[PDB]
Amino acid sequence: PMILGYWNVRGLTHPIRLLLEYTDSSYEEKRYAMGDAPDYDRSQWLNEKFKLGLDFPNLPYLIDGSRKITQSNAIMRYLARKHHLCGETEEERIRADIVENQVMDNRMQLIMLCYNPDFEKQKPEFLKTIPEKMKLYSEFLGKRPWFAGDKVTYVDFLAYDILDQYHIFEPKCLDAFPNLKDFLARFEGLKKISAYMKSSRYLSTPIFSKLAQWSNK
């Protein structure tokens, strides 16, 4: 089968796991464990990082026969193309391209805060900026059932993850935006998704590694 490698956390891999499941892909995972503080041992991965034939070794990685991929968005795009989950028009492509990138920025902002030793004092300033982020997603989606338009695309997998993550962080953050709450429900309502969420493989939390100040255990 295909092989997915990543840490034994949700991290930035959720969308891939979700996409593999929604597609009925035959895959096996390799979930690498990181030790606890203070050394945070990474040996399980480091022992093989340069032994898998990857061009730019990293986690996550996807091995599909002869094809070896790294960079989470590249993996998302490989599986999208294989299953026709890319935009079909120029308008759908542009919306997908922007959301892919926007998701990574809002993911980077969360990471920055959750790895900061000054987390508890930084937190208040971060919470103030949430409503603006959610507003932009809300206005972007509008009345469409999905981010790219009329049909589910690989970018709905990205968007679901980051909205979900922010919602775990600040549970009241979507109260003001009904179309976002509805989007989450719709996504989770997808049969393959609904199924997966009750499976032994589902890994919602922790989000971050042991080094983080939040969702780290």
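For clarity, a rigid core is taken as the largest C-alpha set superposing within 1.5 Å between two forms. Position 1 is the first residue in the sequence shown; the rest follow in order.
- Rigid core superposition in 4 other deposited structures of this protein puts the Cα atoms of one stretch, out of 23-31 and 36-44, farther from the shown form on average, and that stretch is 36-44.
- Averaged over structures and residues, the CA distance from the shown form in 4 other deposited structures of this protein after a core fit is larger for 200-208, of the two stretches 200-208 and 13-21.
- Looking at 115-123 and 128-136 together, the entry lists the larger mean B-factor for 115-123, computed on C-alpha atoms.
- Just going by the entry, 29-37 versus 51-59 on mean CA temperature factor gives the higher value to 29-37.
- The deposited CA B-factor of residue 155 belongs to the lowest third of values across its chain.
- Ranked by Cα temperature factor within the chain, residue 200 sits in the middle third according to the deposited record.
- Compared with the other modelled residues of the chain, the Cα B-factor recorded for residue 179 ranks in the middle third.
- In the PDB entry, residue 83 places in the highest third of its chain by CA B-factor.
- When the CA B factors of the chain's modelled residues are split into thirds, the value for residue 44 lands in the middle one.
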